[PDB]
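Peer 1: Just dropping this structure here.
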Amino acid sequence: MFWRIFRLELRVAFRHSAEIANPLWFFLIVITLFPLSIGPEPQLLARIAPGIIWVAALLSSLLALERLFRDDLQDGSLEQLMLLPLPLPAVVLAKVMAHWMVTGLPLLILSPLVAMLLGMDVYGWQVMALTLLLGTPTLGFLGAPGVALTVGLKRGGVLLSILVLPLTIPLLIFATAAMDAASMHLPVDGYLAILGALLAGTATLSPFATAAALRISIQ
Amino acid sequence: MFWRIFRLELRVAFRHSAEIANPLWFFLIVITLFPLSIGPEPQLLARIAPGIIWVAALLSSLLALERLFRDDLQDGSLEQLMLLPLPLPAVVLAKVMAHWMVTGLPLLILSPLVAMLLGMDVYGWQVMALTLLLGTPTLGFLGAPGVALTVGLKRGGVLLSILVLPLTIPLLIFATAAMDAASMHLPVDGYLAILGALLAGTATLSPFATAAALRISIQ
Amino acid sequence: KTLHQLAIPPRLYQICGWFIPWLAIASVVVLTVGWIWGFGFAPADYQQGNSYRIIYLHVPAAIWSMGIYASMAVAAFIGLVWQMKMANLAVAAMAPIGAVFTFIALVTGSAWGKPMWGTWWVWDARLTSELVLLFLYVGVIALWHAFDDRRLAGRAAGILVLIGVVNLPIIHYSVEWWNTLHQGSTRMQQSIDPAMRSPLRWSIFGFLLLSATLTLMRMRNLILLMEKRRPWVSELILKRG
Amino acid sequence: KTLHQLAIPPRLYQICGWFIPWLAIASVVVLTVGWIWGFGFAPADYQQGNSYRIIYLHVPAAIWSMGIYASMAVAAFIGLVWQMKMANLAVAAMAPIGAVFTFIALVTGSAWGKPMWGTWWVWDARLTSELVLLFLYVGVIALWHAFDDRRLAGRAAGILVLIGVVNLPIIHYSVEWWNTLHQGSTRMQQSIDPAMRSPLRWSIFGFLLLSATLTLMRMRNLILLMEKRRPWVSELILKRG
Amino acid sequence: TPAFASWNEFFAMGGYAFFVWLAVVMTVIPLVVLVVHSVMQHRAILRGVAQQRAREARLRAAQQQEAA
Amino acid sequence: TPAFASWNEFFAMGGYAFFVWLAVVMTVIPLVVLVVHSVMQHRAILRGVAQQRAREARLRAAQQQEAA
Amino acid sequence: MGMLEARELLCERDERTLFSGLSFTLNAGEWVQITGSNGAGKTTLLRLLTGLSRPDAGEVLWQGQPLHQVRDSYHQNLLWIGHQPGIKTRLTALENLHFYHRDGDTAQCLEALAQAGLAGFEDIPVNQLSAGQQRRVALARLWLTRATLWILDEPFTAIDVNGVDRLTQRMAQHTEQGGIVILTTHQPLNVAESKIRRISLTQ
Amino acid sequence: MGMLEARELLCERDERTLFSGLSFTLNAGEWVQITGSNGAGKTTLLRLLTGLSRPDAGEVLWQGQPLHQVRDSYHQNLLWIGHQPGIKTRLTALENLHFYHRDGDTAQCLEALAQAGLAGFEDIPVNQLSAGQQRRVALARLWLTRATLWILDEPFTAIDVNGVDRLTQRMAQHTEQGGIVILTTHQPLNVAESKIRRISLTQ
Amino acid sequence: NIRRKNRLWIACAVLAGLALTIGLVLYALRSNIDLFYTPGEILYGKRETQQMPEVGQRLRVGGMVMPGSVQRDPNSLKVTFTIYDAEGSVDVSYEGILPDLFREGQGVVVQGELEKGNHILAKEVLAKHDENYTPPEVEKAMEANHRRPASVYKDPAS
């Protein structure tokens, strides 16, 4: 039954298709903002490109996190998913996997445009796409406790960021260290291995602590 | 009766004072993000501090922007505020001025700390404080249409950013150009003059295009 | 007179239905002549060589990507004062066309700047201004598509169109001053040798006609979308067969 | 036994009530003797000179900035398995004290870093880790204030305290590795010349006692917040006079 | 009157052959996408009206069954 | 046994005095603020319960007037 | 002539024609009641009559002039209480009622909040109050307003029968002099049929 | 013994003591109806029996075991309908009903949606439907579900009379084979007093 | 029962996730695989572990190219050059094209096999874009041993 929830969340997201592009348009906004401030200088942009790419990724995923749970509270679907005959960790896992298929995959297909926009080479795009693939699920699993905690609040837009961003700090450091090593043409196997380790750890632990928060917010 | 609305909005915001600090904590987290990615190198951080400061300021004000109108839809206050015997431009002006006294003055008093964190000198802090003082009112007036239309939505977190930030791009360019002309010691009077000109123009034109916006958003 | 009869949504539907074929064929004729007498039967720039033909594929893609937005304001203005709903459907009708023209302008500018600059994307003032224009088009489209009620979506789209139009000279001159401060640019958009000027103007008018055709057709699409229950679409579909 | 009676809210109120004064006086004595034996009647480090007394005002303010959070974890754990509401109240009691200790540790670290680095904030690993810890404390406090129901706010705070403690060693070692590359750092926090050791330990124990006193008293504050109507408060206030 | 003497040389525009045809193709594609999207949208709205009004005719049939 | 020979020299801690005394003041103030807020909050809650119970006694007196 | 007058009011919420062609003129000193049959759509009429919602076609007039022009005189003579009470839950009841005009001095304060049933609950924050007692602050606004026109979306939602009796007595007192109250309610109300007038929005 | 037993449930919503010491046991095949007075709190009671809300004191028991342990067997035998219907407005009615178990084939689909009164509106999107007809897809979930426990938080809201008689007929049919329905309704219901049982959460 | 089945299945998922987490952490800490030595760490062993490089193990050496140590074979792509830290010096033999970034007095990293007598048969030489860059271990080697001239670490046979 775990796949039915995932497939249905994919169907509801794909019914209106326009709304899933707004995270990547916000990603392009934050992509655009910095070189307006800094300047069109290509060496400075080439060196700072990890900072713009991952701060944009964190903020785009973070603003996309509202669609993960805010819809089903008002529709009442969240309750009916909690009394489904299946442990609520699996329900959370299905929702976060659908959210990554709906928020992270647009960034991964959008990755050639941003890679050509800032000026990284094909190795830079390769490392940045692999690092996005290993990192944006971790954005989903660290954002799920914050959204589950802040779904009852009417004003839950700043505080959700306040909770999620210190959790995503280690992923920030390893991702930007990985692509800093990539711009110098070094092998980035170890950084991606730590990245997959954080992915597996958060994927294991985050449903079990999002389910309790989700039980907390509804009651 | 323009002043009673402003004083009441201050009383509601100051009755629970903690929520006011959440914009500046989001600001401080965004300042924390770019040193961790780029690096602790002080010459680069000193060069890039205008971009970090203004991307943080735009995003902090933009996430703070929800409290400008989202509280009054559910409480039903906003309808009554249109049915005060006062033109709704004045009501919008009072709310945006109270929001600036609630969202922008925390940034202006936090200004020494973020100036300390990024290595700017006393002249850099003086220009940074004057430029925030002339810019965050304009942030309120440009974001007031975005909050005004995106108050009826359930999903108004990414769309609000998508409408607001391209409007605030000229503020980005002039503010960070003033900051680049401040880091190298040149006088900055013309840039603040353009900032004041935009502040006057948007303060003139934003209530009149926010009132009809708020009439559409609820009917 | 008949301008007041240009307000009844069915009558507007057969007016657009009658204007679709002729204007579309005139568009294809004018654009075919423009490209066939511009990408061939035409000289080339001395310094750029044979890469100047892109000045066709960019400049109708650029100017009209502004011009549609300007025309958008007119519709939005008709949406705010006289409260004409069909103009507010016209805003949403032209918004994807303006977005696509802007995206074409960006792509042609990048493909033009690669044989000069060495890279696909140098932050030139023109291309950054076009990117901000594309962002405003995306804002209008997402505003029209996030709402539930279509009428209120069109009126809201008109509101942000007027906001964008007021802020657009400020954005364009601020971006132009941004390139003035840091580093200059070459002569790219409209620094054009004689006898290659008529093909650009013919392509300008052809892109105008194609934009008018697409606008006049998505107007029918939106009118059919809202009046899905009133008896005139019933009479039209029983006429179909 | 009496541990089960420890969950009764009035009984904990008088337990905290008689535990505040003695513990507070003891705290004052130990922390006072610690500072007077540390700031004078003690040597100073040879290279940094007399700026080394700051190692008191930082290091009990640093370790317990983690320690309170670790203790907060324990309270949060008691919040989730045995469903004791008072441990979730202890989380909210101990979050502001941890935040203020973290603020003291951070900006005293900046005051120590000025006579060496020349700038108030060189992005050292220790100050960055304490800044992230401060952000975690602010997140806990903001969750405790945003919610309307106090019980639900405490349970939400317990959830995020366990989240933060799960992800906190990762943050600390990632920041430590962040200044493995990107230059290094000197030996400052716990490189201690002997006989300038007992004052620092005694100040650690004094900061422990002060944290316990403030914890035990904001316990009473939040108890009076939650149970504002039940008659045990009524008998207490009619006893007041 | 063509500047390009050879018709095979026309497809290779003086060494700068990739960029011109790249933008030609990626201009032709979005216009085809717009035209196809709007035409299938018109057809889809018309067929949706057709299904809705056939279902309204079945509502009329149900009303006639209730009346009879 | 004091390292500083002069008591006046102890106030000027070997030139590095501004940083140390700035920090001493900057740790004394927030702990004092925490204790002041923690005392004033308890006093304020007790006085708020006092006002609430005076109003409750007024409620019982009004009930007595309604009974009488 | 009558001051509040409606001409060919049609409304289409989410392309559903709730009403069309409704036109009614209201002379002073009448207590018309909106009957209705659907739950939502009479609230839409009330919001359309106060001018929150524009008519899609047709128009509402106040004293012979359309509502898009006479706002500064219309909003000075109206009191609107929706389903939401329109008060701030953060502020106290007395300060919420003091936001609205007059209040303050004891000639317009502390009996207006009393006659609605909130005697003794003046200084308590609104968020620690029952929902009926939250609505009774906006209901307590009736005793202090100078507005001739009152418009009410469910005024009697979770108020006891004594509060309903007091509200209807004050409402009839308003009806005696020049003034129109328009209200929508589920409950059968205890005033004689001769005084009241019913406009039902037929389907 | 009976499966659903409530033992000393105490609930405080925002420090308001809604009910205290309430304890009721349900044998197989009764039709308990909650008959409380206040609008909110009987909904909280139903959320307390379904397991959405934890008891602040006391416990809910299903087949002798507490609800914190027997979730995977309790949720196999319950159907909960809130004030909100619990469905997605974006999907159509048929996929929303197919999300819940079975549906699909005609043995469990296209007559279950018909007996709620939504015959012929199966493939329409939900957001283009009236609110009562939006509730009728979740209300149509009754005819296909095998759960012995049904718990209903105003089922008969914006429901026409024939719908209510058909729902009560199917509901008593469920009551026959040992199925228990716990519900709250505002309207006076047309079932004999001998069959029903009333638990009142007094004060 | 169903409870035991659900708990056991999700616990199997939990242990698989934790095992893969620990596996990737230990892999990455091992995938540091610090074959990066300095010439002083070749001659006298690594500073922390005192382990000697064996003859014939594939390895990586960061070091500055000496002024005047680059002799190129005129008839082939064979280049022999000596690279140093401020603690020692090692010879390098490379067959292939050198990078255009390879100049004397600049930092390079040599991937190759160690022969007898501290001699390295390079399979790859990586010269950096930055003329003045020193690798972190090599930079700490010269900060520890205080910037002794390249002529001193030119082994006087060379």
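Per the header: electron microscopy, 3.8 Å.
Just so you know, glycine gets a Cβ as well, placed from its N, Cα and C.
The following feature annotations were taken from Swiss-Prot:
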BINDING   H:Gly36, H:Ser37, H:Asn38, H:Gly39, H:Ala40, H:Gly41, H:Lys42, H:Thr43  ATP binding site
Peer 1: Quick check: with H:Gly36, H:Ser37, H:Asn38, H:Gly39, H:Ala40, H:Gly41, H:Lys42, H:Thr43 left out, which same-chain residues have Cβ atoms within 8 Å of the centroid of the ATP site Cβ atoms?
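Peer 2: After dropping the recorded site residues, what remains is H:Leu18, H:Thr44, H:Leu45, H:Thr184, H:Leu201.
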Peer 1: For H:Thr43 (ATP binding site), just count the other CB atoms lying within 10 A of its CB, please.
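Peer 2: H:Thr43 (ATP binding site): 18 neighbouring Cβ atoms within 10 Å.
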Peer 1: Is any of the binding-site residues H:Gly36, H:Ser37, H:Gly41, H:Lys42, H:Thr43 near chain G, in the sense of a CB under 8 A from one of its CBs, and if so which?
Peer 2: none
Peer 1: If you count the C-beta atoms lying within 10 Å of each candidate's C-beta, which of the binding-site residues H:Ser37, H:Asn38 ends up with the smallest number?
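Peer 2: Comparing Cβ neighbours within 10 Å for the binding-site residues H:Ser37, H:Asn38, H:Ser37 has the fewest.
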Peer 1: I'd like the Cβ neighbour count for H:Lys42 (ATP binding site), meaning other Cβ atoms within 10 Å of its Cβ, all protein chains included.
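Peer 2: Here the count is 22.
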Peer 1: Given the binding-site residues H:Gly36, H:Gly39, H:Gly41, which one's Cβ is surrounded by the fewest other Cβ atoms within 10 Å?
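Peer 2: Each of the binding-site residues H:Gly36, H:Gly39, H:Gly41 was scored; lowest Cβ tally within 10 Å is H:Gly39.
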Peer 1: Hey, what's the Cβ neighbour count for H:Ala40 (ATP binding site) at 10 Å?
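Peer 2: H:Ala40 (ATP binding site): 14 neighbouring Cβ atoms within 10 Å.
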